[PDB]
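Throughout, residue positions are numbered sequentially from 1 according to the sequence presented.
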Amino acid sequence: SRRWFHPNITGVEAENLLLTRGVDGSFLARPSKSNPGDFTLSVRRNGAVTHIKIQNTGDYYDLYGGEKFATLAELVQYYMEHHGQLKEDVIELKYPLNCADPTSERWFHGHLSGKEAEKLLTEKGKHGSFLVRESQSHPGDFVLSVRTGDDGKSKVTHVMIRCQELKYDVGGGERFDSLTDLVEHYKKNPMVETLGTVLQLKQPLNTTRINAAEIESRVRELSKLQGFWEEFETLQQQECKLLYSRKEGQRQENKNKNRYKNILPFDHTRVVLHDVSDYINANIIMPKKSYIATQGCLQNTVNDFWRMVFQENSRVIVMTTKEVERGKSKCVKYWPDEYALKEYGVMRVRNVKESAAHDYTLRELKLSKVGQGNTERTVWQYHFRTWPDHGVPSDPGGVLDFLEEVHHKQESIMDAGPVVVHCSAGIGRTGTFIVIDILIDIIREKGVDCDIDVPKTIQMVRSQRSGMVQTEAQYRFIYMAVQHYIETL
Ligand SMILES: CNc1nccc(-c2n[nH]c3nc(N4CCC(C)(N)CC4)cnc23)c1Cl
């Protein structure tokens with residue numbers, strides 16, 4: 001899984017790999033370095049190699065000649081099960097050509113010595129924490145460092161790993177074709193010492209958890225000329241662990257309720273409407289405040305959108321897109337104009353006051369249900385619009401003040417359900433906004449000197465909706481937004 005993505009190969013290496021070590025049906029994926037958010041799917045057909053462009057400007061993964069997907073792993077999974085949709089006709093993805101690069105692995109710390117490794121395993125480590133580093137004594141070899149224990153009840157065991165003719169081994173037994181093949185093997189049947197102890201490989205040693213106080217120094221680490229690219233691409237490697245089922249969105253009854261038919265909510269965290277149809281392209285996101293991540297409203301799902309807002313007792317909506325961007329509708333206008341009142345099915349919305357601002361426009365909406373009348377509750381709709389059509393803003397100030405205002409409006413309503421956040425697909429800007437809000441709330445309550453782990457938080461959010469935080473630029477922005485937020489204290 002995920003072994004088919006080669007992060008450090010050129011277009012020349014790609015075709016040479018598929019023609020020397022691949023057969024008709026072999027494929028790989030590589031980051032196109034001409035555009036900053038574009039990838040290439042190279043497949044072997046009839047002895048030649050074709051290249052399909054995959055572009056991601058922050059909203060989704062746009063496979064030209066195909067469909068739009070939340071992750072690269074979900075894209076490849078879709079076509080390995082649905083042979084007959086990737087056409088030039090018919091491009092079959094049969095055999096993934098695995099990569100031997102251990103760069104995107106969580107346990108691999110290339111330029112790391114042995115004495116720094118022990119201090120990390122002893123301070124931040126626990127039982128089963130391991131890492132692999134490049135050897136200082138034998139150039140080309142490696143070292144496996146494990147911590148086993150519960151004063152002397154713990155220790156750190158070193159295991160030499162030497163590379164002989166493009167194959168790796170621990171000095172005996174089997175010789176593996178790559179470090180990850182070796183690590184995955186002893187993660188399954190761990191080594192046993194002479195006197196009993198077993199080198200259990202549980203979790204990789206945590207590198208990314210930092211103290212929120214000294215975040216400006218950590219950005220200096222990831223930004224010198226990359227560290228930011230390493231940390232983000234390693235996170236992307238773990239998306240194959242999140243291929244949860246999405247059957248409810250795939251049903252025939254619900255195909256037209258999705259803006260993009262392959263960007264679907266997870267079944268186990270989807271918002272279920274129980275009052276009748278139950279489907280809406282939305283997921284509940286949990287970090288004492290929760291969020292709802294959803295697509296932009298379709299003209300045929302606006303009534304379902306307000307059914308969700310009423311059911312979940314939401315009082316704050318965060319919209320981070322325009323209704324149309326470039327040329328197509330990213331969202332349908334689902335609110336009445338100022339001083340007007342509209343009916344959306346059994347739900348009734350009045351626009352009481354539009355309060356325009358620097359970076360956004362605040363709309364005070366009165367949501368109610370037809371009939372009894374006293375169901376009226378105020379829903380504050382925050383509409384961000386100083387967001388570029390491509391990339392991220394240069395300064396996080398407009399987003400940071402926007403979140404501070406949303407946070408107080410949510411906290412002043414001690415009865416509110418989740419905070420509805422949406423854009424176009426509901427994974428790109430919606431992911432960046434929710435992650436920043438989750439991280440700031442930690443700094444908000446526990447103050448500074450607290451622990452912050454950005455990729456761990458993104459991976460948790462990604463377990464609840466496919467492909468939260470789309471691009472490295474958004475990943476850069478989250479670090480920049482938290483850095484800017486701690487320096488303003
Ligand atoms: C459940 N998932 C999950 N929990 C916590 C963290 C991460 C993570 N994301 N990115 C990461 N990068 C790390 N380092 C930098 C790149 C390197 C030198 N190649 C290896 C060490 C270490 N951890 C991560 C992930 Cl995935």
Checklist entry - Who passes salt bridge (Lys or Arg N to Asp or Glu O under 4.0 Å) against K124, sequence neighbours left out? => result none
Next on the checklist: Set out, in order, the CA-CA distance, both residues' side-chain angles and the distance that settles side-chain hydrogen bond (donor to acceptor under 3.5 Å, both in side chains) for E364 and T378, then state yes or no.
Outcome noted: CA-CA 7 Å; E364 178 185 338; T378 306; 4.8 Å; no
Next on the checklist: If you define the side chain from C-beta out and look only at heavy atoms, does anything of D267 sit under 4.5 Å from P265?
Outcome noted: no
Next on the checklist: If I compare all heavy atoms of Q238 with all of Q459, which pair ends up nearest, and what's the gap?
Outcome noted: O-NE2, 3.1 Å
Item to check | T208: partners by side chain to side chain contact (heavy atoms under 4.5 Å, CB included), with sequence neighbours left out | outcome: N206, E231, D453, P455
Checklist outcome for this item: residues 405-429 vs ring-ring contact (aromatic ring centres under 6.0 Å, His included), sequence neighbours excluded, gives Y334-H422
Next on the checklist: Quick check: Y344 with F305 (ring centres under 6.0 Å apart)?
Outcome noted: no
Item to check | Sequence neighbours excluded, every pair satisfying salt bridge (charged side-chain N to carboxylate O under 4.0 Å, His left out) that has a member inside residues 469-482 | outcome: none
Next on the checklist: Is there a side-chain hydrogen bond (donor to acceptor under 3.5 Å, both in side chains) between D62 and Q55? Walk through the geometry before answering.
Outcome noted: CA-CA 5 Å; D62 198 311; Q55 189 172 82; over 6 Å; no
Checklist entry - Can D59 and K330 be counted as an ion pair, charged N to O under 4.0 angstrom? => result yes
Checklist outcome for this item: In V406, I413, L365, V318, the residue satisfying side chain to side chain contact (heavy atoms under 4.5 Å, CB included) with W380 is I413
Item to check | From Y78, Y60, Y260, residue fulfilling ring pair (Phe, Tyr, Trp, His ring centres under 6.0 Å) relative to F69 | outcome: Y78
Checklist outcome for this item: dist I440:CD1 -> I438:CD1 (nearest 0.5 Å) comes out at 11.0 Å
Checklist entry - Got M480 and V219 here, is their nearest side-chain heavy-atom distance under 4.5 Å? => result no
Checklist entry - Hey, mind stepping through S355 and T361 against side-chain contact (heavy atoms from CB on, under 4.5 Å) and telling me if it holds? => result CA-CA 6 Å; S355 176; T361 293; over 6 Å; no
Next on the checklist: Counting C-beta onward and ignoring hydrogens, is there a side-chain heavy-atom pair between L273 and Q311 closer than 4.5 Å?
Outcome noted: yes
Next on the checklist: Show, in sequence, the C-alpha distance, side-chain angles and deciding distance for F142 and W107, and conclude whether the ring-ring contact (aromatic ring centres under 6.0 Å, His included) test is met.
Outcome noted: CA-CA 12 Å; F142 301 97; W107 42 257; 9.3 Å; no
Checklist entry - Where does the angle between the aromatic ring planes of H383 and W335 fall among parallel (under 30°), tilted (30 to 60°) and perpendicular (over 60°)? => result perpendicular
Checklist entry - Any donor and acceptor pair, going by atom type alone, linking the side chain of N258 with main-chain N or O of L264 inside 3.5 Å? => result no
Checklist entry - Quick one: salt bridge (charged side-chain N to carboxylate O under 4.0 Å, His left out) pairs with a partner in residues 351-363, sequence neighbours left out? => result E354-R363
Checklist outcome for this item: Residues passing the salt bridge (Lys or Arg N to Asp or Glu O under 4.0 Å) test with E123, sequence neighbours excluded, are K119
Checklist entry - Quick check: does any side chain N or O of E239 sit under 3.5 Å from a backbone N or O of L72, one acting as donor and the other as acceptor? => result yes
Item to check | Results of side-chain hydrogen bond (donor to acceptor under 3.5 Å, both in side chains) for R246 - residues two or more places apart only | outcome: none
Checklist entry - How far apart are the closest heavy atoms of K53 and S34, and which atoms are they? => result NZ-OG, 4.4 Å
Item to check | With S223 via side chain to side chain contact (heavy atoms under 4.5 Å, CB included) - residues at least two apart | outcome: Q226, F228
Checklist entry - What are the two closest heavy atoms between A416 and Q410, and how far apart are they? => result CB-NE2, 3.5 Å
Checklist entry - Quick check, are the ring centers of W387 and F477 under 6.0 angstrom apart? => result yes
Next on the checklist: Testing the basics here: between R2 and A73, what is the closest heavy-atom pair and its distance to 0.1 Å?
Outcome noted: NH1-N, 4.0 Å
Next on the checklist: Which residues pass the salt bridge (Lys or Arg N to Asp or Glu O under 4.0 Å) test with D441, not counting sequence neighbours?
Outcome noted: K289, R444
Next on the checklist: Looking at every heavy atom in both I263 and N281, which two are closest together, and how far apart are they?
Outcome noted: O-ND2, 3.0 Å
Item to check | Audit row: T457, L439, side-chain contact (heavy atoms from CB on, under 4.5 Å) steps and yes/no | outcome: CA-CA 8 Å; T457 302; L439 296 171; 3.6 Å; yes
Next on the checklist: Any heavy-atom pair between the side chains of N313 and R315 that's under 4.5 Å?
Outcome noted: yes
Checklist entry - Among all residues two or more places apart in sequence or in another chain, which pass the side chain to side chain contact (heavy atoms under 4.5 Å, CB included) test with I486? => result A212, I215, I443, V448, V482
Checklist entry - Looking only at heavy atoms, what is the nearest atom pair of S154 and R147, with distance? => result OG-NH2, 3.8 Å
Item to check | side-chain hydrogen bond (donor to acceptor under 3.5 Å, both in side chains) assessment of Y339 paired with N351 | outcome: CA-CA 5 Å; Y339 306 115; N351 194 339; over 6 Å; no
Side chains of residues 426-436: which donor-acceptor partners sit under 3.5 Å, not counting sequence neighbours?
residue : atom : partner : partner atom : Å
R429    : NH1  : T320    : O            : 2.9
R429    : NH1  : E325    : OE2          : 3.1
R429    : NH2  : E325    : OE1          : 2.9
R429    : NH2  : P388    : O            : 3.3
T430    : OG1  : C423    : N            : 3.2
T432    : OG1  : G428    : O            : 3.2
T432    : OG1  : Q474    : OE1          : 3.2

Next on the checklist: Quick one, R218 with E221, criterion salt bridge (charged side-chain N to carboxylate O under 4.0 Å, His left out). Give me CA distance, side-chain angles, the key distance, then yes/no.
Outcome noted: CA-CA 5 Å; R218 195 81 176 209; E221 306 247 49; 5.2 Å; no
Checklist entry - Should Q77 and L243 count as side-chain neighbours, where that means a heavy-atom distance under 4.5 Å? => result yes
Checklist entry - Are the side chains of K366 and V349 in touch, meaning some heavy atoms are under 4.5 Å apart? => result no
Item to check | salt bridge (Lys or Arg N to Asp or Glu O under 4.0 Å) against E216, all qualifying residues, sequence neighbours excluded | outcome: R220
Item to check | Centroid separation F384 to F402 less than 6.0 Å | outcome: yes
Checklist entry - Could you state the interatomic distance from CD (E116) to CG (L131), rounded to the nearest 0.5 Å? => result 11.0 Å
Next on the checklist: Checking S42 against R30 for the side-chain contact (heavy atoms from CB on, under 4.5 Å) test, could you report, in this order, the C-alpha distance in whole Å, the side-chain angles of both residues, the deciding distance, and whether it holds?
Outcome noted: CA-CA 8 Å; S42 302; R30 54 191 174 92; 3.4 Å; yes
Checklist entry - With a 4.5 Å limit on heavy-atom distance, are the side chains of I210 and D451 in contact? => result no
Next on the checklist: Check this for me: does any side-chain nitrogen of one of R377 and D415 sit under 4.0 Å from a carboxylate oxygen of the other?
Outcome noted: no
Checklist entry - How about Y64 and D38: does a side-chain donor come under 3.5 Å of a side-chain acceptor? => result no
Checklist entry - Side chains of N283 and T269: is there a donor and an acceptor less than 3.5 Å apart? => result yes
Item to check | Side chains of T40 and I52 in contact at under 4.5 Å (non-hydrogen atoms) | outcome: no
